[PDB]
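Chains as they are written, first to last, in the deposited numbering: chain ha, 6 to 327; chain qa, 2 to 120.
See structure below.
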RNA sequence: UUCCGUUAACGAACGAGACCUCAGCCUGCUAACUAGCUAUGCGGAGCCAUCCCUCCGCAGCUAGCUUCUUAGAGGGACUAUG
């Protein structure tokens with residue numbers, strides 16, 4: 006069996022840069038774009054087989070406009086509605102999806118911000134930046150620590166940070182950061198020191214992944230070579246090969262799958278067998294110049310559906326068979 | 002008239018040479034990258050130089066190009082330029098000649114020469 | 001005389017361009033009783049009249065106020081994409 010196609014939705018004018026999905030409030034997808042809006046889609050799951058299988062997977066519900074530049078990454082609150090988004094204006098914002106207004110605002114990142122992420126207790130907020138610094142924020146949008154600086158100031162990278170995520174193990178909270186300096190680091194929320202430096206790629210990194218059980222540390226990026234690492238202590242298990250650039254990475258919530266967006270199609274490997282078993286192509290093959298990449302992906306809570314957001318503000322949805 | 006002048010074109014090429022790896026095909030990210038490596042005195046100059054570098058990368062990613070010397074392609078055009086076949090295609094076994102060629106070879110005293118015969 | 005390129009020329013200097021001012025976009029940032037909008041209170045006038053509704057006046061420890069006004073910091077356009 007495999008992944009299958011249902012439709013494509015078009016709600017963003019420019020390249021979609023992130024999708025996030027909830028686990029407790031399921032039929033509410035949220036996607037960010039280079040349009041400073043932040044769209045939220047509602048799911049009755051229509052397939053209108055009346056007009057040549059009329060193409061719409063759903064109906065847009067709400068735009069959270071208000072950011073002053075491209076929105077780069079978004080995430081959702083793990084307990085309720087709230088969402089957090091980072092953008093090129095150097096800000097972070099907390100939105101309330103039940104009313105469409107912003108509620109908080111994290112000022113202080115001296116330059117552009119590229120990644121956001123929540124936590125278990127939702128009190129520990131991380132921001133990665135072109136500042137070449139990471140900063141941790143509370144729920145109040147005020148400062149407690151900021152890891153960065155050059156070698157003397159500390160162990161911060163020297164290029165821009167490009168992505169950060171947590172380790173979902175509850176007795177050992179950490180944060181893994183991929184960088185344009187071609188280096189991945191692992192940190193700790195206990196002391197904001199680094200456990201290990203996971204010195205990998207030869208080109209710039211744009212993606213880092215942490216296993217749903219927090220055991221291994223997929224990271225992608227420039228060369229097309231994905232490297233999987235050891236979360237316990239920094240060990241490179243094996244290498245995978247995609248060929249082209251890599252932007253987004255994800256793990257299936259429960260099934261042992263790793264997905265990637267690699268600039269010519271979406272490539273799903275297997276971790277049961279370190280070998281590709283699924284490629285996913287854009288439906289419309291028009292001969293215009295180099296076709297839409299997929300820029301971001303996400304699974305649902307149940308793994309029943311994967312979402313891919315591309316460079317034309319088009320988002321194509323992928324279901325499973327049975 | 003949107004001809005780019007010497008400063009933009011020169012700076013575009015000369016920043017392509019120094020950092021090929023850290024540039025890309027999107028204008029905006031290339032704008033930011035170019036803001037992180039060089040000191041320019043106007044936003045309009047930056048937008049213009051980044052715009053000329055982005056399609057320079059598009060055509061680099063396409064094929065070859067003039068004066069900029071990329072390392073990853075100057076060695077790749079050398080690794081296969083010192084390239085040898087299995088054995089030399091210029092072989093002295095079947096080299097057939099026409100009347101006056103053996104006439105000169107008889108002039109030199111190499112009348113008997115292994116591998117020479119008339120057309 | 002902008003550039004590609006050609007090429008007994010090679011490498012440079014001015015002018016053009018860049019540049020500076022004003023106008024054009026920003027429900028994003030900073031604010032503002034010598035700018036105001038909003039709501040609430042009291043005051044008047046209408047009226048299915050008692051309230052509600054509409055239109056003005058007035059005063060503040062009303063604003064999770066700065067949209068409108070002002071002026072600063074930036075952002076935005078590069079022919080970027082086809």
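Just so it is clear, CB atoms sit at the ideal spot from N, CA and C, and this is done for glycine as well.
When the beta-carbon positions are compared, residue 159 of chain ha and residue 120 of chain ha stay at least 8 angstroms from each other. Close to residue 22 of chain qa, with beta-carbon spacing below 8 angstroms, are these residues of chain ha in chain order: 208, 209 and 227. Annotation: Cβ neighbours of residue 33 of chain qa in chain ha (cutoff 8 angstroms, chain order): 117 and 135. Three or more Cβ pairs drawn from the segment 19–30 of chain ha and the segment 315–323 of chain ha lie within less than 8 angstroms of each other, which places the two stretches in contact. For residue 299 of chain ha, the closest of ha:266, ha:275, ha:325 and ha:326 by C-alpha to C-alpha distance is ha:266. Under the three-state reduction of DSSP output, residue 122 of chain ha falls in the strand class.
If you draw a straight line from the Cα of residue 67 of chain qa to the Cα of residue 5 of chain qa, it is about 17 angstroms long. Boundaries around residue 53 of chain qa are those of the alpha helix (DSSP H), 44–63, since no beta strand (DSSP E) includes it.
The Cβ atoms of residue 326 of chain ha and residue 9 of chain ha sit closer than 8 angstroms to each other. Taking one beta carbon from each stretch, the segment 252–265 of chain ha and the segment 299–310 of chain ha have 3 or more pairs nearer than 8 angstroms; the two touch. DSSP, read as helix, strand or coil, puts residue 151 of chain ha in strand. Considered as a whole, the segment 25–101 of chain ha harbours 33–38, 43–47, 64–68, 76–81, 88–92 and 97–101 as its complete beta strand (DSSP E) runs of no fewer than 3 residues, in chain order. Spatial neighbours of residue 286 of chain ha in its own chain (CB-CB distance under 7 angstroms, excluding positions within 5 residues in sequence) are listed in chain order as 270.
Shown here for residue 117 of chain ha: same chain residues with a beta carbon closer than 7 angstroms to its own, the five before and five after excluded, namely 93, 95, 134 and 135 in chain order. Here residue 87 of chain qa carries a coil assignment [DSSP, helix/strand/coil]. For residue 268 of chain ha, no beta strand (DSSP E) segment is defined, and its DSSP state is neither H nor E. According to the DSSP assignment, residue 324 of chain ha belongs to the beta strand (DSSP E) that extends over 319–325. DSSP lists ha:100 as the bridge partner or partners of residue 107 of chain ha.
Comparing alpha carbon positions, the residue from qa:52, qa:103 and qa:117 closest to residue 12 of chain qa is qa:52. A contact between stretches requires three or more CB pairs, one per stretch, nearer than 8 angstroms, and the segment 173–188 of chain ha meets this requirement with the segment 203–216 of chain ha. Residue 300 of chain ha sits in a strand when the DSSP states are folded into three classes. Per DSSP, residue 108 of chain qa lies in no beta strand (DSSP E); the unbroken alpha helix (DSSP H) holding it starts and ends at 100–109. In the DSSP assignment, residue 34 of chain qa falls within the alpha helix (DSSP H) that extends over 28–36.
In the structure shown, residue 17 of chain qa adopts helical secondary structure according to DSSP, grouped into three states. Residue 42 of chain qa and residue 48 of chain qa have their C-alpha atoms roughly 11 angstroms apart. Residue 295 of chain ha carries a coil assignment under DSSP once its states are collapsed to helix, strand and coil.
Here residue 133 of chain ha is bridged, per DSSP, to ha:120 and ha:139.
In the three-state DSSP reduction, residue 203 of chain ha falls in the strand class (E or B).
DSSP places residue 118 of chain qa within a strand segment (E or B) once states are collapsed to three.
Per the DSSP secondary-structure output, residue 312 of chain ha pairs in a beta bridge with ha:303 and ha:322. By the CB criterion at 8 angstroms, residue 25 of chain ha and residue 81 of chain ha fall inside the cutoff. Between the alpha carbons of residue 168 of chain ha and residue 90 of chain qa lies a gap of roughly 55 angstroms.
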